[PDB]
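Engineer: Attaching a single structure in structure tokens format; questions to follow.
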Amino acid sequence: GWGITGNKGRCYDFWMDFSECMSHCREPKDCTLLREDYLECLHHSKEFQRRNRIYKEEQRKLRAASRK
Amino acid sequence: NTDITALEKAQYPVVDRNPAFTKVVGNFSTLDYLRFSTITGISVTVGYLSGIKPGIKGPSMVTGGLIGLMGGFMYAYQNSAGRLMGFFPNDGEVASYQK
Amino acid sequence: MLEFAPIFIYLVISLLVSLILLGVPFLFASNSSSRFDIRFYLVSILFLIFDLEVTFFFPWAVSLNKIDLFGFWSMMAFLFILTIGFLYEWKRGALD
Amino acid sequence: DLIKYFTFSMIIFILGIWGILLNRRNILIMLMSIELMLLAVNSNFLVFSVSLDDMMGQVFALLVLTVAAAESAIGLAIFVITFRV
Amino acid sequence: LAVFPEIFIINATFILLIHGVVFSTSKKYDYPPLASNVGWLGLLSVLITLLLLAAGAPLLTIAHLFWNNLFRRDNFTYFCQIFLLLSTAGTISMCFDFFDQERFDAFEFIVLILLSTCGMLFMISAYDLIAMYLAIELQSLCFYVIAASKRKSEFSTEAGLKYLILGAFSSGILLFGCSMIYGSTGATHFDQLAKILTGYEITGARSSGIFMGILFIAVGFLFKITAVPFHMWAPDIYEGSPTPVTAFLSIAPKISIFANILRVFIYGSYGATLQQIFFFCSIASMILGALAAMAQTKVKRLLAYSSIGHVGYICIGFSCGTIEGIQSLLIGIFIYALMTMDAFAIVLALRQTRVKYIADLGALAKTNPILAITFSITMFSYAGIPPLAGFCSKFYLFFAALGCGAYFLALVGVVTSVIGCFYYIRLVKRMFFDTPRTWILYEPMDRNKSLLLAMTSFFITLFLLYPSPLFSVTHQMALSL
Amino acid sequence: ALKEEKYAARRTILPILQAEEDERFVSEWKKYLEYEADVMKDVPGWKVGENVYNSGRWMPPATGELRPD
Amino acid sequence: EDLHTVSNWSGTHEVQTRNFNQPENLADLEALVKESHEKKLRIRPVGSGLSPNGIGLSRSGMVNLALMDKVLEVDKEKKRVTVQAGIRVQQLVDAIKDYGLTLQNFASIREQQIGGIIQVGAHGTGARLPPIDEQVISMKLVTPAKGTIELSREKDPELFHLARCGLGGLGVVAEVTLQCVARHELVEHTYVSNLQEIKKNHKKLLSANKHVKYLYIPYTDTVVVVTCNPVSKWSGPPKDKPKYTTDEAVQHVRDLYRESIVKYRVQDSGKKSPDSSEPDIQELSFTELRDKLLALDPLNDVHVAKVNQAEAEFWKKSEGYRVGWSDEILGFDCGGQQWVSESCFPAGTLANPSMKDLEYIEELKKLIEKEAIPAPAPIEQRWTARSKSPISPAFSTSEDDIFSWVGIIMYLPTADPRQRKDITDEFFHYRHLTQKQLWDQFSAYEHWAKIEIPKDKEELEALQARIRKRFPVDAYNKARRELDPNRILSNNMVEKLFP
Amino acid sequence: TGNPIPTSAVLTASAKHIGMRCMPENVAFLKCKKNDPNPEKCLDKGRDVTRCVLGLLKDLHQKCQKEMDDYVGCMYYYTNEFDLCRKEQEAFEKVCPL
Amino acid sequence: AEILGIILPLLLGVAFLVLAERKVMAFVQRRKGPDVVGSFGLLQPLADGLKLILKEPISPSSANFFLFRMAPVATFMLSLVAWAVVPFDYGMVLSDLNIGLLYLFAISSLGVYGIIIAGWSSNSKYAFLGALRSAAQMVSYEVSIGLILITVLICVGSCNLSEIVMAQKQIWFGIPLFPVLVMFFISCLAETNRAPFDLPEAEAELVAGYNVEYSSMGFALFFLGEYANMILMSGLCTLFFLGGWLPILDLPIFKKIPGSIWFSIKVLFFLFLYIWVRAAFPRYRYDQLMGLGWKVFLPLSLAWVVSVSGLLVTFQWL
Amino acid sequence: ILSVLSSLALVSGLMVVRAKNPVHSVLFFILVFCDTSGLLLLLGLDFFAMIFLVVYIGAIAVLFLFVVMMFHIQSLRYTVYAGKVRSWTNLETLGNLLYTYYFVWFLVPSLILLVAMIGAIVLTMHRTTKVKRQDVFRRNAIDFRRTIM
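Residue numbers (my numbering), protein chains in the order written: chain X, 32 to 99; chain E, 5 to 103; chain B, -14 to 81; chain P, 169 to 253; chain L, 15 to 495; chain H, 206 to 274; chain W, 4 to 502; chain A, 523 to 620; chain Z, 517 to 834; chain Y, 297 to 445.
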């Protein structure tokens, strides 16, 4: 898991957790908590979906104030 | 880093894990030297025989011998290594119990 | 990357300079005083291949203290394959 | 912003496959679109390597560079041979 | 260590390549025709590779460095890799005669075949998307050149250009899929990919990025094996090129792709999408082939369509998830390969005849009567007539399919076998009963081509007496994945 | 040897720079949390204020692709 | 029993949980044992390491027990469970409960394998309750080279006792058969009482239930005490046609080892009374308090003493008692491992007139109070019966006796880790709770799971000779050499104990 | 430069002294960061390293200020590039703190 | 911006290089070169210029103005933009690219376009095939310059040109790799055309070998381009191999050691070497020339990457 | 504003697939590569920008230009000052991998470049060397020499 500037990459740490937890893991479903955390580091989708709602609720108040 | 640790390993008693070259080649049994010798022959004989047509019998024999040397030597090496390491029959443990 | 902006503006300012060098002669001086040469495709493909292999040389050149004696030998195997290709091209006679 | 640098590469790839589908008549545009889609997947590897902060992307992008280049070499050489003498 | 079997063929190719160029460019040797001298030496290079790979089969997995970051060699790969070299050598054996008749000074053509085998050997053991794509590229690139070998005749070169574009697109489509698969996985290794994709189920668990890649990777593979969804100009490639080059692409690339297909999809991907697409392709390929066998007239094209129909029967084994079904696919690949080599060899037996129709191929009852019976055996093997080895493989495919529950897919295969049998009895009728078409008299071939027929035709008939060994070998490979 | 001297100097001043950046970023994070709890009003919004971890580990929040380039 | 799914349609996806290292086939494991017997390499079964004594050595070859854990056989007619030693005690007791039978005594921690527990001085709370070591009818020991020989307590009572007391050094138990008692219901009690009051009440508790467990926390007069009472069959309402509603008072479903993960839901539902014993937590406020108790040692933590009284009051606010099946209700040690080392006084029948049960409890509790260095984690005190010949048929005859087990627990993970480990080991060796300075005359039996005479570096003589002087393990030492000549099944702490 | 404002120049100029001294604070901060990279969990060790290093600067600022004022003039002129003036580096090191 | 301060002095440098070549190559032939126009011909470049500017076109043909009226602009802009990364003294590079060298390689790979386009827009089969031959030569001695730069790169740490000239404080790479300087010079001679290697530049075949519509501006811009490309490719034989701006380091009392003056002295040496070697040697015929870039300067360049990589890997000198 | 100027690459890619004049096709090909290299610069992948330039618009679209000219068709960041003390240039952090760890995926592109050399030779030698420049070839004894016309 090397990176653009190396430094161990960024999500190798999450992959390390997903892989350590994928040793004799009962099922991927059981360890999916680390895989989703690993995917979240890779694409930042979880932050984005929250950012969209934080933007939307703030936008919804601003849009409601603007429409009056 | 590297490590010679193998999958499906040590099915037979290991003699020297990760044998150094110049030892695994100094372990050639009179069968390995007989495998490295028959491969070089079937490779020189085919190499000379293939070249009867284009007039290149000598040099095609030489290049068939080069192919045979490389191949039969890597085969004798495979054998003597899987023997020194725990992969093959490995009846040459007397060489370790004696030396 | 930060140092790429000076050459980014260099392209445009040199465009301006060359446009002025173009317009200078244009203003003054008023009214009164072989079917195919395939070797150019062989030379071209061969430059393509050798510049690909120089592209592979560059990281191995700048990072050779890191890869102590193993990156060197891996690059020398890549280079022996380059040399086999180049000897097949020399003997076959594409370098003419 | 990763989406902007990926969906743009994705639709460059779509342009490549589109030109493949349309231009079954002319082959030079076929090869143009081949190298186009082998860029839109190459630039895709580079973008996804910067995003994920992972170096496997750039290693694979370099190897695709020096493989699509040999592919273009053999492609155009086959195209020149196809227009025999 | 652990790459020595692949290293030898690459070294053997380089040594033959240097030998061919230095010798061919020799005034002293009068610029001799190296091909056929590169041959025999090329056939023994494959045979030495076959021995080295077999000898080191326990030693193949020498170190983690090779399996984890480059290529992983396993018991399934070893058994198929042995078959891949044997298939390649068998094709070279029939091809030697073609080299003799042709003014073949193309020493490089043999080196391309050995390089293709090295790419194919790396393809079977490739355990990373980068490795699989790079290996596929080398095997196809060597194949693209063999297609365009007869430069003076545009028919081979134009066929090469369609093969080249189809090859470039198939490699390119697979590459785009790798990019999308890489984006979600964060790693290119099949082993790391399997951990992320284990039980992904695009319906049960959301996986938009992985599926986008999987769609492209699967589509690219289909173009390579001439699957009917992407058959495109691939049947055209078979008839346009001369019979011997056609034979080489007919079996060895296809076997390498099918073995690569099982490894890349079954182990790495677990969604309910991959099995169904093969199920649709299998029905279509057999339907396209059965319609084509009646529709197509040229013997060479008919063989390609019969091969495409057989490819659909092979696809059913992957389509049914059962390991017994994957084993049945392997029984089919071996029988199809032996028959495909045998079929090409019988066509190669009539080397004297120039391009000619089936009716011209008829009248072999009076002359070469034994060859006429041999031709009947080849058509029967794809037909599915019960005594021949092909039916036993098909019955295992069908018995597995019924156990897998693929009644609809199994029925169309029986129906397509029925559609094929009628044309085959008509072809058998054409050989002896009717349509002799001028009592044409044929010519001899090399002993190797006769032995390819002898060792195969006897075995095809002998399969009934002792069918146990092949069934045992096939299941072991499927279980290993 | 010059590059090792430069890197030793940089590594030695690294803790002070990282402490300054820690203080600055934690102040910006306190103000961002007091902004979230204020834009959310705490009854309708994210019933947990920060809840950014998503597992037992911390990461710098989020950004584009490559700013320092 | 089956595995937890295989996506690959094949074994390539692996599930094993505990013992992730991977265990070979039983014949293959025996071949590895034969290979060591012919390589002379020490081999031990994979060890969790929760026990301070190192039954499994990382240096030694480790054998995966996942297949042994997966395969379990229980016979209802014989009331015997025939299972490999690899299976954990919690899985084994659950299987016995499924068959309608219960185990008379239980191990301290669910995670440890039952076979390993039998090797490490297996015992359970109860003066009248026989120990797990005497509750095992049959055992099978690996034959040094290839194969195993089946044995039973009746067939070889002395050999079975020698192997069980050997900690697995004498032999490794391939398969162990445990007698299963008729199902009975145990009601768990969690409450906090003054140490002086509880020592005075120890005789009353022993008379009331016959099983006594005391946890001692330093700097607090009140020490948490947990007790289990076996209810009579069909007590209160008699059994009737409804299987659960009529018998709900007599037997009710209860949570067993519910807090597998330390993190717990902070939401309040149902009774919603927070406790640190039966549930990890029932309220958000008591979860924050528990985190503070973990962070600060009790001597510096005022809240822990208040919390212990509050949790006892919370239990009174909540259901007065919880009634569950004996397998269902038992005391489980926490997953986190904290080093425990101490010796256990034997309440012998001859010694009972000389020292009273109240006197034994008072002296041990006074000695724990007198300890120069306090141990932050609670100290568990429990009583087990002798290995009576009637409980399991044996040629050897054993006089009826009782034992008192005391273990001193200190926090293994700490700031500046292992500095405390050194001082506590010195405290165990020479302070008021001393294994050899004052207890050598007492000849108190150290628990096998605990480390013996710590630090082992400070004194190795006691393990080799003083233990032989304290108890007749000299026959076991000769048997250890006799049972394995190669000594492939060798543990370094067992080597000190038995040469 | 001026009061001991921990600028880039004045920090990379005293890094030798920040290495000899204030090594315990630096290694403690680094031990925390390599333990867990959450900024809060050793905000205190951050204050501790910043405290001893601002103290070290104010010590260097108070004694031999002109040589320090010349060396940081270097490090601001040539941006923290050591070789470009070894004369100022020696002057500043030689006069008081070695 | 300050791009004027690197293009205007370079324009004057090229204009005075036409005179420096005529004058040096004349002194070689026992004759004073341009000597009447200025005090010493110093105004002769301005005279050539002001003449070419005042020459009426042969045909206006301003219609075709996007095809080949911007192709000389492209060639010249490339020859001038490859000057950004070239450092004249410590911290005098206009833009220190951490991949500077590879950027020069890319600028050459675009000069190939410049030549090919400016030759294709000349609708003269002979002139177009001449431009294609010149491009194939310029690009065949680019694999050799590539490998020579890989050698001087192995010796250095990074591609940063300021580092490649800073990595020679101990010894210039001209002293150990002198055989390489001879190969870089004999390649820079051949990459550019101005050389013993200029059959496409055989006196007549050059003028009728770049374009059909001259108008003077095209003639001057090609020659201004060739002379800037020459100043550049001589400003590379002096960064890589000679010490870019480094003295001999004897530290004289008479010499206050200016940097850019040393870079200037060395690039003057290599420009004088360009001239001297144009005077004293016959042309290579482009059929022995292409057989010298493949069969002579590629094997002897590959060997050098393996020699300077080996001898630096065995003894840890990297 | 140069960020969104990838629209230039986007439209130039639409040109190459919708152009009948091949010169415009290759020109907008070169344009697509120039804008893709601009993009790869904005991402900081400096090495790949120059490699795109070189091995695309100095080799491959050179090939394509040849095929046209001849053969006409008709705030809140938290910069972690660790890992910045030694900034690895993109070439160094490609070489730390490609030649030592993933070196077989680098010796296989070696074989692909060798196959490209062999291919460009066997294809476009065009009977201009020993492929057919061996000789016309003649045999006197079989030759009729006016016995048979």
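Note that the Cβ used here is the ideal one computed from N, Cα and C, for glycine as well.
Can you say whether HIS432(W) is buried or exposed, counting buried as having 16 or more other CB atoms within 10 angstroms of its CB?
Structural biologist: buried
Engineer: Can you tell me whether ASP278(W) is buried or exposed, with buried defined as 16 or more other CB within 10 angstroms of its CB?
Structural biologist: Here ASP278(W) is buried: its Cβ has 16 or more other Cβ atoms, across all protein chains shown, within 10 Å.
Engineer: Rounding to the nearest angstrom, what Cα-Cα distance links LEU12(B) and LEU562(Z) in this structure?
Structural biologist: 18 angstroms
Engineer: Just to check my reading of the structure: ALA241(L) and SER299(L) have Cβ atoms closer than 8 angstroms, yes? What is that Cβ distance to the nearest angstrom?
Structural biologist: 6 angstroms
Engineer: Quick one: grab the DSSP three-state call for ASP48(X).
Structural biologist: helix
Engineer: When the Cα of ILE127(L) is compared with those of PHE294(L), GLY53(L) and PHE37(L), which residue comes out closest?
Structural biologist: Nearest option by C-alpha distance: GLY53(L).
Engineer: Within 10 angstroms of its Cβ, does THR420(Y) collect 16 or more other Cβ (buried), or is it exposed?
Structural biologist: buried
Engineer: Examine the Cβ distances between the stretch 419 to 438 of chain L and the stretch 346 to 366 of chain L and report whether three or more of them are shorter than 8 angstroms.
Structural biologist: Segments in contact, no.
Engineer: Going by C-alpha distance, which of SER401(W), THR290(W) and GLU372(W) is nearest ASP271(W)?
Structural biologist: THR290(W)
Engineer: Within 9 angstroms (strictly less), CB to CB, does residue 527(L) reach chain B?
Structural biologist: The requested residue 527(L) is not part of the displayed model; chain L covers only 15 to 495.
Engineer: Which residues, in order along the stretch 187 to 220 of chain P, keep a beta-carbon less than 8 angstroms from a beta-carbon of chain X?
Structural biologist: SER217, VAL218, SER219 and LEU220
Engineer: By the three-class DSSP mapping on this structure, what secondary structure does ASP605(A) have?
Structural biologist: Helix.
Engineer: Between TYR69(X) and the ligand MG, is the CB less than 8 angstroms from at least one heavy atom?
Structural biologist: This structure lacks the ligand MG; in fact it carries no ligand of any kind.
Engineer: Which residues mark the beginning and the end of the beta strand (DSSP E) in which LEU189(W) is found?
Structural biologist: 188 to 197
Engineer: Is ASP142(L) helix, strand or coil when you go by DSSP?
Structural biologist: strand
Engineer: Between the C-alpha atoms of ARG469(W) and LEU35(W), what's the straight-line distance to the nearest angstrom?
Structural biologist: 36 angstroms
Engineer: Roughly how many whole angstroms lie between the Cα atoms of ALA416(Y) and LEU129(L)?
Structural biologist: 16 angstroms
Engineer: Which of the three DSSP states, helix, strand or coil, is assigned to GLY53(L)?
Structural biologist: helix
Engineer: For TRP251(H) and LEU302(W), what's the separation of their Cα atoms in angstroms?
Structural biologist: So the alpha carbons of these two residues sit roughly 39 angstroms apart.
Engineer: Can you list, in chain order, the residues of the stretch 77 to 105 of chain L whose Cβ is nearer than 9 angstroms to any Cβ on chain Y?
Structural biologist: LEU79, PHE80, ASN83, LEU84 and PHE85
Engineer: Among all the DSSP beta bridges, which residues are the ones paired with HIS203(L)?
Structural biologist: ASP142(L)
Engineer: For chain X, find out if any of its Cβ atoms is closer than 9 angstroms to the Cβ of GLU210(H); answer yes or no.
Structural biologist: No, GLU210(H) does not count as interfacial toward chain X.
Engineer: Which residues does DSSP list as the beta-bridge partners of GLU76(W)?
Structural biologist: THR85(W)
Engineer: If I follow the unbroken beta strand (DSSP E) through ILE297(Y), where does it start and stop?
Structural biologist: It is not in any beta strand (DSSP E) - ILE297(Y) carries neither H nor E in the DSSP assignment.
Engineer: Does the beta-carbon distance from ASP428(W) to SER344(W) come in below 9 angstroms?
Structural biologist: yes
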